[PDB]
Amino acid sequence: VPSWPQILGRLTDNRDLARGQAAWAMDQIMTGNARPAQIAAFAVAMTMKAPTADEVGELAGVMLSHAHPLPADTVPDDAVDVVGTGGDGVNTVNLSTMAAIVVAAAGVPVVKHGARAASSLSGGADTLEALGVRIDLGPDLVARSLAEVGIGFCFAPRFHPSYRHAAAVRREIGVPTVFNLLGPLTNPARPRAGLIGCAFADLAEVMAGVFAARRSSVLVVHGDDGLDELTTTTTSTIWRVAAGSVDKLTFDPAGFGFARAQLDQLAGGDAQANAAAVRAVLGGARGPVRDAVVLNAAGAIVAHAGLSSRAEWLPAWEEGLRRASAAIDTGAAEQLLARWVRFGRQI
Amino acid sequence: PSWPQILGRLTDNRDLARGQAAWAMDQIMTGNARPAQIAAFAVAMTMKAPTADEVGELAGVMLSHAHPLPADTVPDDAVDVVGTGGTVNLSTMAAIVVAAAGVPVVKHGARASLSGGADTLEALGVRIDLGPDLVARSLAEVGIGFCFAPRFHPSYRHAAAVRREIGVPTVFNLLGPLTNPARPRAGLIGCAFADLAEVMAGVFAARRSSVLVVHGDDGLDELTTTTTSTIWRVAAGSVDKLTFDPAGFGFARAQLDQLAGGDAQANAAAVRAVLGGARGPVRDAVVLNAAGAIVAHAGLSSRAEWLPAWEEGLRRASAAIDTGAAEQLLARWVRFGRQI
Ligand SMILES: O=P(O)(O)OC[C@H]1O[C@H](OP(=O)(O)OP(=O)(O)O)[C@H](O)[C@@H]1O
Ligand SMILES: [Mg+2]
Ligand SMILES: [Mg+2]
């Protein structure tokens, strides 16, 4: 007999939920059956209790059940995502989005989950829109984008319409909660690999556990400067997910010859400014922004490689860095973006 | 100040800065807080164990918005008798007994809501929803008054709706005893959680109230007769924690299933029974808790001594029942409501 008093009482008593209770709660939320007060109580109570991977996996599972799927047999088994929680409070250029373009241009299929800004000046979806990319495509056309261009963009609101009730509560309360983890865990194309940024150092291991449960090949990353990306200003903590297990690592870009950057060198502006930064990087502009893009693209390619049990960490990184740099240098990334824009205008 | 700031601080398991709880409660009380924000705050403040300063700020804001009683209508030595819940039967009866002994009582509550159970008083025929002027008249003429929370705290309705929707106890469950709009300086205040009882005692200490904050060691939000109780004795701005055993005053041990309150109609029947002289564990616990309230009343003077105060309180409580004064006071309270 599941109910809000039972579930919220258990959480406020600092107890983990019984199997299925988080799922019940999320389903009530997704079906419009939860009062805003109940949604907010649930999100906050779970956050302060400390969510488990089982619980977060249940929430993401329910979201994915209610999402619009892509058509059968349209997502390659090795497709990758590059996406983060956001909420790092830094307002950088759109590193995941730029990395995603480069990854696809290197020949790794990318189905990117994304959304507009929550607290920053310009989100991934905002910047793509400013570049002339269509962010408004449904399942069939995203599938066609992936096949024809090598990248698809799943705009979260378009694929998760039933999340509107939760999204409203999240905006109202402002404080980050367990809900802030869900975007990266609920790509509707269900790619099995990705580079997944987490702004909240204390919740990254839980995100990794969710991916581990799905047997995804993922690097969950938190820059030690607070970025929900692999950073160039310092080390990053990586929760490496492979073969159903999570391994905690610290990553230093200096190990691959990257010079240290300052965080203000990665600072972003409005959608137009960040669109300009994308163009500059894909056009061959050298500097800190390119370095961060290449590093993150490489990370995603490493995750992709980890779909094979044969993959080795250092060779994977060297290969990833080589491929990412080459995809920019040959013009492949610049061309792929142009083709992506042309594709959307030809619909 | 902001919701992101305050909620973020709480989710980080940090005590709030001076004034932040007050800001939040003020937003809630002015109708400026969305239900999601009300709920987030209530939950966060509960899970980040609230401090006396914080609870005091919440209660303060609430009282700053409340309708007061008219000037000089609340006696300086008026008392409250109430529990936070987890015993409306016990506190209702004890209140009548205390008033019948000649200690002015002013209660505050809602229908089972800043202190549920006013349904029992209604089941007995008492008009619970009176404005400030008439509560004042009731106090003077009958010796007891009841401040109906929706009437005196109309701005709380937004919070009240949220509490019902989430349906789990929160920090707001502590506010009833701390937001009596008559602002009695004394009382017997029950609390079902030991840790939170101490917090409530700190709030009362800050107001220089003379109160006994009581928690049965069996979990009851009243002085129990099934075992010992913890009392936080508040007087002179300081708190003394005590273990109390009513066996010392000759009270037999009862079982918990004999004392627990039921619904309004059941509660009402029990009131009539006890006020009419029915002996047993329920009477004992009423007498004990009535005596506690009288002891708190006595503590408004610096020259009150613990055991002699208890012995007087118990004699006064017993006599108020046994003479029929308690029964008659209830009848006069019912008559009052009809005579208006
Ligand atoms: O407004 P914030 O809460 O700070 O979030 C900024 C962006 O980061 C996340 O996406 P993603 O990793 O796809 O975008 P990126 O290209 O900016 O890294 C999120 O969906 C936002 O678009
Ligand atoms: Mg990102
Ligand atoms: Mg980012």
Side-chain angles (χ1 to χ4, degrees), chain B residues 79-101 103 105 107 109 112 116-126 144 146 187-192 212 214-229 231 244-295 310 313-331 333-334:
Chain B
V79 309
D80 195 354
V81 187
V82 64
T84 57
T87 56
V88 165
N89 57 326
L90 300 182
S91 56
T92 302
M93 287 183 272
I96 297 164
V97 169
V98 171
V103 172
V105 175
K107 273 186 68 57
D119 315 288
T120 295
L121 285 172
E122 282 185 328
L124 295 164
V126 175
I144 184 168
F146 187 89
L188 183 288
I189 309 297
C191 185
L212 303 193
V214 302
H215 168 79
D217 295 325
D218 62 356
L220 206 74
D221 66 331
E222 307 287 358
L223 291 171
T224 194
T225 49
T226 81
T227 185
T228 51
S229 298
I231 299 183
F244 181 84
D245 194 336
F249 301 109
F251 283 94
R253 284 285 191 268
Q255 295 295 339
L256 179 55
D257 66 338
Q258 300 171 305
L259 301 184
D263 57 48
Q265 299 299 132
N267 280 4
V271 172
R272 295 184 193 103
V274 169
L275 294 190
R279 302 275 171 168
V282 181
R283 176 198 163 96
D284 286 7
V286 166
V287 169
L288 183 71
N289 281 283
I294 295 168
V295 167
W310 270 101
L314 291 158
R315 286 191 307 268
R316 290 175 74 182
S318 293
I321 296 175
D322 290 345
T323 56
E327 198 172 51
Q328 291 206 316
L329 186 139
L330 178 54
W333 199 7
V334 173

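Order of the sequence lines fixes the chain letters, A, B, ..., with proteins taken first and strands second; residue numbering starts at 1 for each chain. No hydrogens, no waters, no symmetry mates; every other heavy atom, side chains included, goes into these values.
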At their closest point, which heavy atom of [X] faces which heavy atom of [Y], and how far apart are they?
X	Y	value
B/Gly85	B/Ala192	O-CB, 3.2 Å
B/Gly216	B/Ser229	CA-OG, 3.6 Å
B/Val126	B/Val334	CG2-CG2, 4.1 Å
B/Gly313	B/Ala291	C-CB, 3.5 Å
B/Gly116	B/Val88	O-CG2, 3.8 Å

#### Entry: With B/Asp217, the side chain to side chain donor-acceptor pair (under 3.5 Å) member among B/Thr224, B/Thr227, B/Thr228
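The residue from B/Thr224, B/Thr227, B/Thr228 that satisfies side chain to side chain donor-acceptor pair (under 3.5 Å) with B/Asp217 turns out to be B/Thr228.
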Solution key, residues 261-280 of chain B side-chain donor-acceptor pairs under 3.5 Å, sequence neighbours excluded:
unit_1   : atom_1 : unit_2   : atom_2 : d
B/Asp263 : OD1    : B/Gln265 : N      : 3.2
B/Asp263 : OD1    : B/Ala266 : N      : 2.8
B/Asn267 : OD1    : B/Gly262 : N      : 3.1
B/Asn267 : ND2    : B/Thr120 : OG1    : 3.2
B/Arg272 : NH2    : B/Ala123 : O      : 3.3

Do [X] and [Y] come close enough that some side-chain heavy atom pair is under 4.5 Å?
X	Y	value
B/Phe251	B/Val287	yes
B/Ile231	B/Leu223	yes
B/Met93	B/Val282	yes
B/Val79	B/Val98	yes
B/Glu222	B/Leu188	yes
B/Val105	B/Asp80	no
B/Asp221	B/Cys191	no

### Query
Near B/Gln255 CD, under 6.0 Å, is it more than 12 heavy atoms from other residues, nucleotides or ligands?
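Open.
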### Query
Sequence neighbours excluded, which residues qualify as salt bridge (charged side-chain N to carboxylate O under 4.0 Å, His left out) partners of B/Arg315?
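For B/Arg315, no residue satisfies salt bridge (charged side-chain N to carboxylate O under 4.0 Å, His left out) once neighbours in sequence are set aside.
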### Query
Charged N to carboxylate O under 4.0 angstrom, B/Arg253 versus B/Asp284?
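No, B/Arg253 and B/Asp284 are not salt-bridged.
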### Message
If you apply the rule side-chain contact (heavy atoms from CB on, under 4.5 Å), what do you find for B/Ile96 with B/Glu327, and how did you get there?
### Response
CA-CA 8 Å; B/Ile96 297 164; B/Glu327 198 172 51; over 6 Å; no
### Aromatic ring proximity B/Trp333/B/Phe146, centre distance under 6.0 Å
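So the answer is no for these two rings.
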#### Entry: Side-chain (B/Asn89) to main-chain (B/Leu259) donor-acceptor, under 3.5 angstrom
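Indeed, once roles are kept as given, a pair shorter than 3.5 Å links the two residues.
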### Partner residues of B/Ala100 under the side-chain contact (heavy atoms from CB on, under 4.5 Å) criterion, sequence neighbours left out
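Counting only residues at least two positions away or on another chain, B/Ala100 forms a side-chain contact (heavy atoms from CB on, under 4.5 Å) with B/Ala320, B/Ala325, B/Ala326, B/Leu329.
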### side chain to side chain contact (heavy atoms under 4.5 Å, CB included), paired with B/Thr92, selected from B/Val82, B/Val81, B/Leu121
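Only one option passes, and that is B/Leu121.
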### Task
Given side-chain contact (heavy atoms from CB on, under 4.5 Å), test B/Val295 with B/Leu212 step by step and report yes or no.
CA-CA 8 Å; B/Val295 167; B/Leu212 303 193; 4.1 Å; yes
